[PDB]
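For reference, the chain that follows is the form deposited in one PDB entry, supplied as structure tokens.
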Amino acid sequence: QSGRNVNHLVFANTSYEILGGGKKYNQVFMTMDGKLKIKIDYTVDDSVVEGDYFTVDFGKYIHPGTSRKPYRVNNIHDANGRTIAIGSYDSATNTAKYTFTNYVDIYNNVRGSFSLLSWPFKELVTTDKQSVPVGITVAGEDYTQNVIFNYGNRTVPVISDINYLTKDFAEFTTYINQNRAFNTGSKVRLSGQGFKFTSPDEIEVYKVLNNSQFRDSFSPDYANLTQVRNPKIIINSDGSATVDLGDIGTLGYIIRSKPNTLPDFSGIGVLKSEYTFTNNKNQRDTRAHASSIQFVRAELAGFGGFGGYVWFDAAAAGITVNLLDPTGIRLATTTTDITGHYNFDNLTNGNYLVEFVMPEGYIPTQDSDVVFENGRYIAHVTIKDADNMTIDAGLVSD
């Protein structure tokens, strides 16, 4: 522990705001920009010090973030962008921790606000128009409001949604023939922008026993659906996939697919289901549904790390290295080990300063260059998921 739990010294007032296509109707429209925004205004007792922390427990029904998992929380800042506290999230306890920086040692009368976007757990908020008691605990005080969620699961030939996204793939859910019309020669093409298929293994096919299984949240209980054992799936040359369901009659199907994120993709991704079928009067047609999702693959994990070496220009052991925000607030500290190496891991993607604390009478040798700025020797580093710059420092007598 860097400090103590100071929930009793952080005084927070909370409200919710519904965003997206259902705001006028007081509903979170999960497939129309719907999110639940949590807005927190707080004050902090002057006795709080660097390393102390407060918590936000998201309770039973929601998590911070939206589609990309694992979920994360951002740092919290003052009006000038100075970091007041570092945000971390623990998935097992669905709780965020906000750990105060040296901001609280530089300033008194610490106060601020911040907001979080949040989404429901789709396995608990399962049903369109479900009103759930969204109870959270903010710095040790409960706040609850009932919130209505709606996924717009229409009883139609084809509808699909993105269940979740990870750095490597999305899980895409396609519902076929919920209207239970008589259909023959049923084929489904799954296609994307920013995504591709490589193997039939990325696609699972399920026949529903009854309509109860078409869960509105598009996160079905697959453990209670038996896969079609040998589905007919072809991976096309364009990276799409075609599933031949055959003469399904009035049966309903769910297709659970895991299209891969494309390296280098940056933009508004799309996942689309096209369902081609023939009806009871021998008319063949194609219906389609598409869902959009903004992402940058290089930043999709949302965090990364970096390190480097310090030496006398002999490894320099036990040199203090601080991680600062661009305004000079201390976010973390470490020391070089016996080999002269240091590192910082699990850093939210963004820009940082790396401060090397000079031993008396030493200066660096000679972006990643260690320069004298605002009384400190610092390099600049930009953190993304992977391939971050190594940040080294050679030291010489002044």
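So that there is no doubt, residue numbering starts at 1 and follows the sequence shown. The term rigid core refers to the most C-alpha atoms you can superpose between the two forms while keeping them within 1.5 Å.
Not on display, but discussed next: the form deposited in another entry.
Of the residues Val188, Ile76, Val125, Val321, just one CA atom moves 2 angstroms or more between this form and the one not shown under rigid-core superposition; it belongs to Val321. After superposition on the rigid core, the Cα of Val6 moves by less than 2 Å between this form and the one not shown. With the core superposed, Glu299 shows a C-alpha displacement of at least 2 Å between this form and the one not shown. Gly65 is not among the residues whose C-alpha shifts by 2 Å or more between this form and the one not shown once the rigid core is aligned; its shift stays under 2 Å. The pair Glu299 and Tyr61 is tighter in the other form: their Cα-Cα distance falls by no less than 3 Å compared with this form.
If you compare C-alpha positions, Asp238 and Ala298 are 3 angstroms or more farther apart in the other form than in the form on display.
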